Every structure is written in structure tokens, then in C-alpha cells.
Amino acid sequence: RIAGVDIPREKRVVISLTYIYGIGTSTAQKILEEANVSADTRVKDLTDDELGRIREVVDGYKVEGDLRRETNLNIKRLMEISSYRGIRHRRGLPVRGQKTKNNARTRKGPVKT
Amino acid sequence: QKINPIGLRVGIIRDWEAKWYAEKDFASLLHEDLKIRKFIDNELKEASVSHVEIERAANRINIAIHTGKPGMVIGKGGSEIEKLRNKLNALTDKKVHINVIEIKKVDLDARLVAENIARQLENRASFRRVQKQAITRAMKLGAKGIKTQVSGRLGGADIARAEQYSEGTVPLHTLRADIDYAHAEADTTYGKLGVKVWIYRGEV
Amino acid sequence: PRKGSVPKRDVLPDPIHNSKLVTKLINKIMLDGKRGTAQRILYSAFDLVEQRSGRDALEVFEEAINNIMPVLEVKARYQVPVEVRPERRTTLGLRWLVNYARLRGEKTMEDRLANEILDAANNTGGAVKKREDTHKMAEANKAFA
Amino acid sequence: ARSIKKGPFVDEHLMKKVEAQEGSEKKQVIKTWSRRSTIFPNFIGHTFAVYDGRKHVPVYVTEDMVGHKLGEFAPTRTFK
Amino acid sequence: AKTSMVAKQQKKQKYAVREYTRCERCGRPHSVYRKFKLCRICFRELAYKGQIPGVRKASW
Amino acid sequence: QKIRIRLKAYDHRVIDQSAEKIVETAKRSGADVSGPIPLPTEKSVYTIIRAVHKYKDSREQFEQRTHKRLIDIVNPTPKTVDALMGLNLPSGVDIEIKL
Amino acid sequence: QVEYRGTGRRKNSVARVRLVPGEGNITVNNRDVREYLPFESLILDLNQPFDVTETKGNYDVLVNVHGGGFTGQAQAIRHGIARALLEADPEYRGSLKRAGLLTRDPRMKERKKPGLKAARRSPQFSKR
RNA sequence: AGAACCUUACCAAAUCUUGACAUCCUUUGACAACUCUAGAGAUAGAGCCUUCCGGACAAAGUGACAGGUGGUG
RNA sequence: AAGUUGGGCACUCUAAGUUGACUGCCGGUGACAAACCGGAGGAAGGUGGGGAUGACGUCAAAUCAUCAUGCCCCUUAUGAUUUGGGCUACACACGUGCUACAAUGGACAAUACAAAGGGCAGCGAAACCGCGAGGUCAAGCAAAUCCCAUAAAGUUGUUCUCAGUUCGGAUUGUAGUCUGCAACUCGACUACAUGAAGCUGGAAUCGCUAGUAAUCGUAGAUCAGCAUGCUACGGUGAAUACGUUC
Ligand SMILES: [Mg+2]
Ligand SMILES: [Zn+2]
């Protein structure tokens, strides 16, 4: 349990740390190298000092709920300023200049024939 | 549907009409040649200009005009040929040397025959009689085969059609055969009439 | 609309076992031209079956193909039954073997193929079930022959 | 342009028109066709009539609009 | 092509990125080769006439 | 002490005859020539839509092939240089001389 | 010395192959054959001409092979070995020919046709 | 076989009417890249100012005339 | 260190010219014919493999927007210039493709093997800087010389162990690079994070007979920049054709 979130017990530490929101593979490797810990050692077979060092490194990366709040604040700011990206966020359409005549399902939801 | 026979045979048994090489100014040379050819065509309409070859070397342009009426192009005193030389030099900064090649039998030249029949059609002759006489004289002058075609609003009819006449052998699928092809256009009061002529004067 | 029968291809024997059948099984297993992958898979499967049976790999393989090779089939026309050609027998045996092996639940294709050939040698495999169904429907439609 | 090594783009005419009458507090509306001009802090509190294709949409500049283009606040297409 | 458009292409552009190629024989804006400054249609016609040095039909 | 002559031409026939002409001129003038050496031909293919409009699936493929010939003169002489620089080749072939 | 030289071709692969009196070792581009080739089937195919001629292990092979892939180069080497054995003893012609090793496999990659995805594969057709 | 501008043929807005482009006809040049000002520009106002051989060439005015990716395959 | 140079033109290669393949020879089926089958020789055997080449005709098929053109139409506009916006929209239906759903695999490190093209204000080597896309200096090269440009699949080792996952990468946040006067509408790529559907697809339907299909990359035209399209190249490399009932 790191950053208030449980991580798979039987998964290697490097992979299991990716389950933390805001932690991917690159940041997981970087954290693991900063807080010296075997790459292949599973979290279940881990030492309390290693866990404490990992927590110490993680706490300052600005992950999880803080990251979510920052992203939501950015999205809300661009919605509020009445930007083009904000209008597209409100309408649930692609924001990064895709074509909506086809292949916009991940933004427009399921097909409504 | 039919490959242009000249296009099919260029580089196999027919040499290019543009004989030169370039690596950098290919486009400028090509379009200079194109404007030279366009000016020669516009200026020597009356002359039976069968075709024109262009070569360039040592900053010179050698023009070879194969025509059927060399007297008209040269002039009695060389005045016409000198004037043409001067106008080509005006068009192109380079120095142009012009030669004229006589065609003994103008009735065996595809381009000349096409232009003659197109002129007759403009004069409003019979699109059948013109082709018949063309083919007759070409065949009597020893041609192994000839084909003529005229398409468009033949007798002014609203519905355009084509009609063709043939005699002898014209093996358009033989790559050996040196088949002379030409297309011309008559600008009749009803519009464009396209005449095509294929001539096969035999193995050479 | 066909002038007649065309010549048939002839494959070389397996370099190690010297078996046309083995070569054609490797070709069947091969996907996208990965002949090396097919070779390693087949060889690992042969080693696994040899270990698990204490019996010659080629022997058990030949017994499995003999078990899963049919003799009658049915072609739509109602389905009319007809005998199967000797080369069609081998083709169908290998094709069914590979298909049901790929359909097995083992983790790796080598394990799937080994288990499937073992089951076919015991006469209790998916390919055996396929052959049995084919023979049953051929017998059911025997009249239309 | 976008690259940091080049400064944020803005039309010189637009920038000088904004700078003009900066001291006076009776700031007026600035007609502009420059949808591509970036919004600098100098633009805060200004009104730009930005051409969107057929008409000049008025746009009021605030602090949160700094760093964006003037075109991002004058939509061009109409739907429903 | 339009004569005014040909003229606007010939004339100098205030931008430099605003320069585009047109076939110099007919004026077609699309499918113009750089080596010949010709569109595909004019290229085919002149190759058939044999007036493009060294250009012949290909096959292999 | 070598002189390179590079000839390039769209016609292998004309390039071969020009190469023979220059080799003969050099051997007459007296120098010794190693060659001609045929460098790999450079073929540029152009694919055009045959139809004026639509009909994408129908194409026509032209080529321009330039053949390349290399000549090495080993023992140059003033006579050889004068004869090479005075020799006139067919308009088709392009000749470059590197002394 | 006593070198028996020969050339072999397959696809776009050319192997100059030289046979010398030796113990059967094969060197390819200054590398061992069992390292250069990624599979032992290729080595067996290379040795096949020697088995046919009944001179297995009586020659060391030196290969300068470029072009194509590993299979193409292996079969080019086999062709070169067969040609070298021919050069060394004309009596092996019958055995090599029966084995089918003196044949230069003429199969090459078919050009792509315009209007087709590949040499033969055509675009997916849809009536209506 | 290459739509951010151009392309581009469509739309809005700001603009021109021998015209963006061609030939003839009258005058004759220093035309015009270049710097200033106003404009989103196109363009307008004064300078600077540099070319030219019996005439190439290039500017101003007028009338013929130009122009159309407008229709009918 | 290197075919790097001294040397050689053996080999390969390059590209001109030539030889070769014609049912030629032999034996069967066949009406001693044609032809089919098999064999010898040959690198190649049965139009060896492909390309170009497309008759007389059919669809008043497409194109007046490549070009030309009869007639009609506008000419203070249906002509012309410029800035900005459309052509990139989006409750939807269809065609063609790219990416996947995984263990014949994902990730990590090491190490091989192609062919065909392009390069003048263009190909940008090495070196230094940045994790990165890229930036500074800058050699060579108008080409069998230099560069683009280390191919990938593959092979060998470690790890995951059948999980919507170490699969898959859409979606969006932030921060960069590059081209262009200018990436808002509306470029590509890069770093970090986010991590949707999808766990081989109903009716139906498509391509392909061999170096073919399938997979893997590579290059080029257009082009400042922008390719999952198009046109070429090679690497690995199958299955099946009984038959003409439908
Ligand atoms: Mg033919
Ligand atoms: Zn054109």
C-alpha cells in the first residue's frame, strides 16, 4: 500500500507500482532506481525500509488525487474561458482537431443509429 | 483503347525528336524546345512541315525541319530561312542553325496526308471521297498499307460518328514495323473533326 | 470450366527425421512464413511427447495420424458421402490435428500439440472426435452415395 | 512561433494598435483579422473584435486567456 | 487553368511558402513533375510525340 | 597522371559509339586507354494515371535510363589533349573531362 | 593450394565458394557456418551435396556470400558447393543432377503490378 | 503524385473596371526593385533613384478588345 | 580499425555484344497427324516467370474542371485583388485500409542477412549537447566514390504465466522539438501521465494457383512541413485445385 492505494502483492515491484494513478513504467523505473530496490523482487517479498524509501520518493511526485484535481482544474479552466477546446469538452467531441464524420466513438459514446 | 503507335515505338525503332542531354536545366531546355516548336508550327502552317528535330550542343541549337515544300520555307533568295533564323535567335538567346530536309513523296507522309484531308474537310469536301483518294494515291505510290479515319460531326449531322477506310497491311501490333501515324483537326463551322492516318510503307 | 488436374507439389523430408509428413506438419503449423518458429514448436512438442510416453516420437505421431485420418467424407450437392483420397487423408489429419491443438487449453503451442498428439494416439482427442463425427454423418448419408 | 527559441507570435500591427492609447482608461474595441495572434498579458482587459469569417465576434481578454490565440475565442463553424 | 490564376502563379508571392508549381504547358496545378515542369497529361502526350529526350514507355 | 572522361547518354548505342570514337582518337594521338568501363545505368520511372479523369487503376509507366561510360587516359600528351578537346560528339551524349 | 572455385546463386544472393582439402569445416564471411546461419536445417542443406557426392568431411569450405537473406544465402552456398564439386570431379555430375543441386533456382520476386496491392493480390472488391 | 496561407474553383468582408493576362494604336519615358506614412492586407500620398542600344524595352490615356474551373460529354 | 593503400582484374559485379529453349531428341496415349504424358541432356521444358502491346464492336459509359472546341450565357461581373473562414462540420449509413484483441506473444540486452531509389543550396558523416524528437560546429558528395542508411521479421540470453493483464494505445492534461512570416479552426513527431472499446467478430462478403497468398520492413512522385494512400524493392515463405452438380 503506497500513496493510499494498494498494489498487487504477487506482482514485481516495478510493474505493481504502475497501478498508482500518475505512475507509469518510466516513473516506476525512476522511483525504483532512486530508492534502491531490486527490479525483480516482488512487493510481498519486500523490506519495510525499502517500502518507506519508496513512499518518501513517491509522496513528492504529485500523483493520484492531486494529479486528478490538477487535470480537472485545467479542463474546467479551458471550459470556463469559453475556449474552442472548452466548447469541444462540453460537447464531448474530439479536442485535438480530429474528424468527427467518422471514428469519434471514444468521445461521442456508443453509436446512436 | 489503341496505344498511340508513335508512343509505342519511340525508343525501340523510332528515335526521339529531341536529341540532347541535361541534368540540371532539363525543364528549361524542354520548355524552350516546346516554345520553339510551337513558333515553327504557327509560322510555317502553309509549308508542308512533316516534322522537326532539335539538338543542342556547345550552346547551339541545331534545328532540322523535314518538310515537303522546302522551296517555300527557304525562299528564293534565302530571305525566308534567314528571317526564321533571326526570329528563333530573338526567341532564344542561344544561336540557332536551321537545316531543311526535302520529302520527295509527300503523299506517303502521315502528317502531310492528315493535314491535307483536314484542309479538304474544312473546305467542306466529302469525308469519304477525301479518304478514298488519299488511300488510293498512297497505295499506288508503293505503300504496303494505309488506314484513314475521320471522326466528329461528319456531314454536319447532330450525332457525331467516325468512319475509316483501309487497304493493305497495317500491323499495329508489330514492334518492328515502322508505322507512320498522324492526327490532325479540321475546325469546321460545326466544330472539331479529328482525322487520323496510319501508313505502313513496308520493311526498311 | 476446367481442363483437368494440375501437378501436385512435392515437399522435402524433415532434415532430422526425414519424413514428408513431418515436413508438411511443419508447413501447416507455420504462420506468416515463420518456418523457424514452426520448427522449434514441432521439435519441442516431439520432445515433450517422447518424454511423457517413453516411446518413439515418430511412432506415436504416426499412430496419432493413423487414428485421426478419416476414410469417408461428405460433400454438399443434400450432402453426398464419398471416399477420401490417400493424400486427402494426410492433409485432413494434419489440419485437424493442428486446429484442435491450437484450440486446446495448454499455455504454449508446444504443450498443446504434444497433448493433442498423445490424445490422438490414445484415440481420445479432438481430432479423433472430428473423425468420428465425419464417419457418423457419412454413414447417416450412406444412401446418397 | 510555437518553438520557445522563437518568441510567441503576434502581428506587429495588432500589438502596436493595442499599445496605442494604453495610458487612457477609456480603452475601445480593436478590430482584428488576426486569429493567429497570441494573447499577451498586455491584452488583459481589452476587447478585440476578431473576424471569424463573416463577422467580428467581440472577445474580452482576461488573465486566464493569456497564452492562447485570439482565434480560439471566435468559433468559425455553426452547429445546431 | 484560368489565365488570371496562371498570372498570379507567375507573379512574385509576398510570402515564400506561398509558391506553388503549375504545369508550364497547360497550367494544371495537380500532378506536376519537377524534372519536366509538366503535368502527367502533358508528359504522356509529349512522350508519345517523342519530344522528351530519353523518355520512353517502361516495362519489366 | 590520369585523365577521366565521363559520358552519359539516354541511348546505349550512341554512348558506345562515342566511347569507341574517343578511345580511337586517344590511341591515335598515342596515349594508352583503359576502358571503356560501363558504370551502372540509372533508370528513373514515372507512373502516370492514363485516363484524364478518375480511372485510377489504369496507369502508364515511362522510364528515362541514362547509361554511363568511363574512360581513363594514362599517358597524356599535348596531341591527345588537343584531339580530345577538338573532337565533336553527337548532340545526345554529354561528356565531362577531369584532368 | 588445390582450390576448387565455384559460384552459387539464389534469389538475390551470390556465394563465391572455394573448396580445399580439409576436415569438413565451413567458414562463411570469416565466420563459422553454425553461427552465421540461424538454423541447423540450413547447415544440413549445405552438407547435402557432400552427402550426394559421398565426399562428406573431405573438404573445407570458404564462402564469400552477399545478398538476399539467410535462406537465400544458404541455398546459394549449396549451389556454389555443387558447382565446385563439379569442377573438382566431373564424375559427380550424374549424382548432383539426380539430386537436383546443379539447378539455379530461377524463382525471383515478381514485380508489383499497378492497380494491385501486390504482384497478384488485388483490392477488395465490393459490388454496390 | 501533398487544402494552415497559396493551391481554391466555395463563402463573408474590404476593393478594381481596357481590367490579374494578350495584340494593335497615341505620347513618351529613367519602370522599379528599395526605403517612410495609413491600413488585415490588396492599395493610396512624396520623396528618394539607380537603365536604354536608328530601336529593342518599359510606363500613362483611349478604342478595338480581354476574361469565365459559367452551361450543354 | 577498415579493400584503408601498394598491387591484381582471379572471383563477384557492372553493361555492350553474343550463345541458349525451338516439342529440338527418345518412348507411350492418339486416326502413322495435331496434341497430351514421361524421360535424357540442359541453368532453364513445353507461350521457362513476368511486363508492354488491348482487333471488329458494346454501354449517347467518364471527362467542356488537363487541353482544344460548335452553340448559348455574364461583361460595373458569372471577370479581378486581398484578409479570414469552408473543402477538416457530425444524431447517422456504406466502401477501402491501419492498429489490435496476445504466449506461434509483450518487455529488456547483445548480434546478423537484402533489394530498389533520391541527393544542389539538396543528401547532412563524425564530434558535442538534450533521456527524447532534435540543436551547434561541420567532412565528403552533382554519384558504382559521400550521404540519405544501423533494414525488420530472425538468432541467442533474463523476465511475465493465460489475467482486459508487463495485452492493446484510442481519449485527454501538461511540457517540448521541427517546417513555415503564421500549426486556434487545421501538421507531424517527442517526454511524462491518463489507459476506452477490443478477449478472433451474425446475416453476408473479398483476394489469391508460387517465390503466389500471408507477414516483415525499405525507397520514391507530389512536397517548406504533412501518407495508415499510391507506385516500386527485397527478407521469411505456405495450403489446396478431387471435379463442373450449383
Ligand atoms: Mg502481341
Ligand atoms: Zn499540362
# chains A, B, ... in the order shown; residues from 1 in each chain; ligands from 1
call {"tool": "closest_atom_pairs", "arguments": {"of": "chain E", "to": "chain B", "cutoff": "8 Å", "atoms": "only C-alpha atoms", "output": "Markdown table"}}
result
| residue | atom | partner | partner_atom | distance |
| --- | --- | --- | --- | --- |
| E:24 | CA | B:31 | CA | 7.8 |
| E:25 | CA | B:31 | CA | 7.9 |
| E:34 | CA | B:27 | CA | 7.8 |
| E:35 | CA | B:27 | CA | 5.8 |
| E:36 | CA | B:27 | CA | 4.5 |
| E:37 | CA | B:27 | CA | 5.9 |
| E:47 | CA | B:7 | CA | 6.6 |
| E:48 | CA | B:7 | CA | 3.6 |
| E:49 | CA | B:7 | CA | 6.3 |
| E:50 | CA | B:16 | CA | 4.9 |
| E:51 | CA | B:18 | CA | 5.1 |
| E:52 | CA | B:18 | CA | 6.3 |
| E:53 | CA | B:18 | CA | 5.2 |
| E:54 | CA | B:16 | CA | 7.3 |
| E:55 | CA | B:11 | CA | 7.9 |
| E:56 | CA | B:11 | CA | 5.8 |
| E:57 | CA | B:8 | CA | 6.9 |
call {"tool": "residues_around", "arguments": {"residues": "residue 103 in chain A", "least_positions_apart": "5", "cutoff": "10 Å", "atoms": "only C-alpha atoms (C1' of nucleotides)", "output": "PyMOL selection string"}}
result
(chain A and resi 98+108) or (chain I and resi 170)
call {"tool": "residues_near_ligand", "arguments": {"ligand": "ligand 2", "cutoff": "9 Å", "atoms": "only C-alpha atoms (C1' of nucleotides) and all ligand atoms", "output": "VMD selection string"}}
result
(chain E and resid 22 to 29 31 to 32 37 to 43) or (chain I and resid 66 to 67)
call {"tool": "write_last_selection", "arguments": {"atoms": "N, CA, C and O atoms (P, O5', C5', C4', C3', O3' and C1' of nucleotides)", "output": "PDB file, in the first residue's frame"}}
result
ATOM      1  N   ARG E  22       2.867  24.960 -61.239  1.00  0.00           N
ATOM      2  CA  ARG E  22       1.852  24.660 -62.234  1.00  0.00           C
ATOM      3  C   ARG E  22       2.530  24.083 -63.465  1.00  0.00           C
ATOM      4  O   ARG E  22       3.666  24.439 -63.788  1.00  0.00           O
ATOM      5  N   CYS E  23       1.827  23.187 -64.151  1.00  0.00           N
ATOM      6  CA  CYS E  23       2.312  22.711 -65.437  1.00  0.00           C
ATOM      7  C   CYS E  23       2.491  23.898 -66.371  1.00  0.00           C
ATOM      8  O   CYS E  23       1.558  24.678 -66.588  1.00  0.00           O
ATOM      9  N   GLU E  24       3.697  24.043 -66.916  1.00  0.00           N
ATOM     10  CA  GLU E  24       4.013  25.199 -67.742  1.00  0.00           C
ATOM     11  C   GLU E  24       3.461  25.091 -69.154  1.00  0.00           C
ATOM     12  O   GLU E  24       3.503  26.080 -69.892  1.00  0.00           O
ATOM     13  N   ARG E  25       2.950  23.928 -69.549  1.00  0.00           N
ATOM     14  CA  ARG E  25       2.402  23.758 -70.887  1.00  0.00           C
ATOM     15  C   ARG E  25       0.907  24.057 -70.939  1.00  0.00           C
ATOM     16  O   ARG E  25       0.445  24.751 -71.849  1.00  0.00           O
ATOM     17  N   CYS E  26       0.142  23.547 -69.975  1.00  0.00           N
ATOM     18  CA  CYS E  26      -1.298  23.766 -69.923  1.00  0.00           C
ATOM     19  C   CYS E  26      -1.761  24.556 -68.708  1.00  0.00           C
ATOM     20  O   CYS E  26      -2.750  25.283 -68.810  1.00  0.00           O
ATOM     21  N   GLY E  27      -1.088  24.431 -67.568  1.00  0.00           N
ATOM     22  CA  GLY E  27      -1.467  25.137 -66.364  1.00  0.00           C
ATOM     23  C   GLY E  27      -2.116  24.294 -65.287  1.00  0.00           C
ATOM     24  O   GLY E  27      -2.584  24.853 -64.290  1.00  0.00           O
ATOM     25  N   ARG E  28      -2.162  22.981 -65.449  1.00  0.00           N
ATOM     26  CA  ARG E  28      -2.766  22.130 -64.437  1.00  0.00           C
ATOM     27  C   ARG E  28      -1.986  22.252 -63.131  1.00  0.00           C
ATOM     28  O   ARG E  28      -0.756  22.107 -63.137  1.00  0.00           O
ATOM     29  N   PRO E  29      -2.646  22.519 -62.000  1.00  0.00           N
ATOM     30  CA  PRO E  29      -1.907  22.644 -60.737  1.00  0.00           C
ATOM     31  C   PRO E  29      -1.522  21.308 -60.119  1.00  0.00           C
ATOM     32  O   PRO E  29      -0.522  21.224 -59.401  1.00  0.00           O
ATOM     33  N   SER E  31      -0.437  17.203 -59.921  1.00  0.00           N
ATOM     34  CA  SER E  31       0.324  16.129 -60.564  1.00  0.00           C
ATOM     35  C   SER E  31       1.364  16.671 -61.543  1.00  0.00           C
ATOM     36  O   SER E  31       1.499  16.187 -62.667  1.00  0.00           O
ATOM     37  N   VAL E  32       2.115  17.674 -61.104  1.00  0.00           N
ATOM     38  CA  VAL E  32       3.174  18.273 -61.908  1.00  0.00           C
ATOM     39  C   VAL E  32       4.511  17.717 -61.436  1.00  0.00           C
ATOM     40  O   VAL E  32       4.848  17.806 -60.249  1.00  0.00           O
ATOM     41  N   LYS E  37       8.512  19.996 -65.263  1.00  0.00           N
ATOM     42  CA  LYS E  37       7.563  21.091 -65.086  1.00  0.00           C
ATOM     43  C   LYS E  37       6.308  20.846 -65.921  1.00  0.00           C
ATOM     44  O   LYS E  37       5.748  21.765 -66.521  1.00  0.00           O
ATOM     45  N   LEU E  38       5.870  19.590 -65.961  1.00  0.00           N
ATOM     46  CA  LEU E  38       4.716  19.173 -66.741  1.00  0.00           C
ATOM     47  C   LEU E  38       3.783  18.346 -65.873  1.00  0.00           C
ATOM     48  O   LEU E  38       4.226  17.596 -65.000  1.00  0.00           O
ATOM     49  N   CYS E  39       2.486  18.471 -66.137  1.00  0.00           N
ATOM     50  CA  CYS E  39       1.527  17.574 -65.521  1.00  0.00           C
ATOM     51  C   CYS E  39       1.598  16.210 -66.196  1.00  0.00           C
ATOM     52  O   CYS E  39       2.221  16.037 -67.245  1.00  0.00           O
ATOM     53  N   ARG E  40       0.962  15.222 -65.570  1.00  0.00           N
ATOM     54  CA  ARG E  40       1.021  13.869 -66.108  1.00  0.00           C
ATOM     55  C   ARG E  40       0.468  13.812 -67.527  1.00  0.00           C
ATOM     56  O   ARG E  40       0.988  13.074 -68.373  1.00  0.00           O
ATOM     57  N   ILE E  41      -0.564  14.602 -67.820  1.00  0.00           N
ATOM     58  CA  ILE E  41      -1.200  14.523 -69.132  1.00  0.00           C
ATOM     59  C   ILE E  41      -0.254  15.025 -70.213  1.00  0.00           C
ATOM     60  O   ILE E  41      -0.029  14.353 -71.227  1.00  0.00           O
ATOM     61  N   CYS E  42       0.314  16.216 -70.010  1.00  0.00           N
ATOM     62  CA  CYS E  42       1.257  16.768 -70.976  1.00  0.00           C
ATOM     63  C   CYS E  42       2.495  15.894 -71.088  1.00  0.00           C
ATOM     64  O   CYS E  42       3.051  15.727 -72.179  1.00  0.00           O
ATOM     65  N   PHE E  43       2.948  15.335 -69.968  1.00  0.00           N
ATOM     66  CA  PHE E  43       4.087  14.428 -70.004  1.00  0.00           C
ATOM     67  C   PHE E  43       3.799  13.236 -70.904  1.00  0.00           C
ATOM     68  O   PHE E  43       4.622  12.867 -71.747  1.00  0.00           O
TER      69      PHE E  43
ATOM     70  P     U I  66     -10.697  18.260 -67.123  1.00  0.00           P
ATOM     71  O5'   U I  66      -9.427  19.200 -67.297  1.00  0.00           O
ATOM     72  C5'   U I  66      -8.626  19.569 -66.184  1.00  0.00           C
ATOM     73  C4'   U I  66      -7.222  19.893 -66.619  1.00  0.00           C
ATOM     74  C3'   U I  66      -7.111  20.746 -67.873  1.00  0.00           C
ATOM     75  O3'   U I  66      -7.274  22.130 -67.626  1.00  0.00           O
ATOM     76  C1'   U I  66      -5.692  18.883 -68.083  1.00  0.00           C
ATOM     77  P     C I  67      -8.062  23.043 -68.684  1.00  0.00           P
ATOM     78  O5'   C I  67      -7.379  22.704 -70.079  1.00  0.00           O
ATOM     79  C5'   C I  67      -6.040  23.078 -70.354  1.00  0.00           C
ATOM     80  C4'   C I  67      -5.622  22.622 -71.728  1.00  0.00           C
ATOM     81  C3'   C I  67      -6.501  23.101 -72.870  1.00  0.00           C
ATOM     82  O3'   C I  67      -6.180  24.415 -73.286  1.00  0.00           O
ATOM     83  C1'   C I  67      -6.137  20.777 -73.086  1.00  0.00           C
TER      84        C I  67
END
call {"tool": "closest_atom_pairs", "arguments": {"of": "chain I", "to": "ligand 1", "cutoff": "12 Å", "atoms": "only C-alpha atoms (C1' of nucleotides) and all ligand atoms", "output": "tab-separated table"}}
result
residue	atom	partner	partner_atom_place_in_ligand_line	distance
I:47	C1'	ligand 1	1 (Mg)	11.5
I:51	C1'	ligand 1	1 (Mg)	12.0
I:52	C1'	ligand 1	1 (Mg)	9.1
I:53	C1'	ligand 1	1 (Mg)	5.3
I:54	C1'	ligand 1	1 (Mg)	9.0
I:55	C1'	ligand 1	1 (Mg)	11.1
call {"tool": "residues_around", "arguments": {"residues": "range 19-21 of chain A", "least_positions_apart": "6", "cutoff": "8 Å", "atoms": "only C-alpha atoms (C1' of nucleotides)", "output": "NGL selection string"}}
result
:A and (2-3 or 5 or 7 or 63-64)
call {"tool": "residues_around", "arguments": {"residues": "residue 111 in chain A", "least_positions_apart": "6", "cutoff": "10 Å", "atoms": "only C-alpha atoms (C1' of nucleotides)", "output": "list in words"}}
result
residues 104 and 105 of chain A; 91 and 92 of chain I
call {"tool": "write_last_selection", "arguments": {"atoms": "C-alpha atoms (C1' of nucleotides)", "output": "PDB file, in the first residue's frame"}}
result
ATOM      1  CA  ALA A 104     -15.077   9.559 -32.884  1.00  0.00           C
ATOM      2  CA  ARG A 105     -16.633   6.880 -30.694  1.00  0.00           C
TER       3      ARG A 105
ATOM      4  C1'   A I  91     -27.699  12.243 -34.035  1.00  0.00           C
ATOM      5  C1'   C I  92     -26.118   8.825 -38.588  1.00  0.00           C
TER       6        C I  92
END
call {"tool": "closest_atom_pairs", "arguments": {"of": "chain I", "to": "chain C", "cutoff": "9 Å", "atoms": "only C-alpha atoms (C1' of nucleotides)", "output": "CSV"}}
result
residue,atom,partner,partner_atom,distance
I:103,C1',C:108,CA,6.0
I:104,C1',C:37,CA,6.3
I:153,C1',C:34,CA,8.4
I:154,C1',C:36,CA,8.4
I:161,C1',C:107,CA,8.0
I:162,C1',C:107,CA,6.5
I:214,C1',C:32,CA,5.0
I:215,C1',C:32,CA,4.5
I:236,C1',C:33,CA,5.5
I:237,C1',C:33,CA,4.1
I:238,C1',C:27,CA,6.3
I:239,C1',C:28,CA,7.4
I:241,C1',C:6,CA,7.2
I:242,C1',C:85,CA,8.1
I:243,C1',C:2,CA,8.4
I:244,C1',C:1,CA,6.1
I:245,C1',C:77,CA,6.2
I:246,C1',C:77,CA,7.7
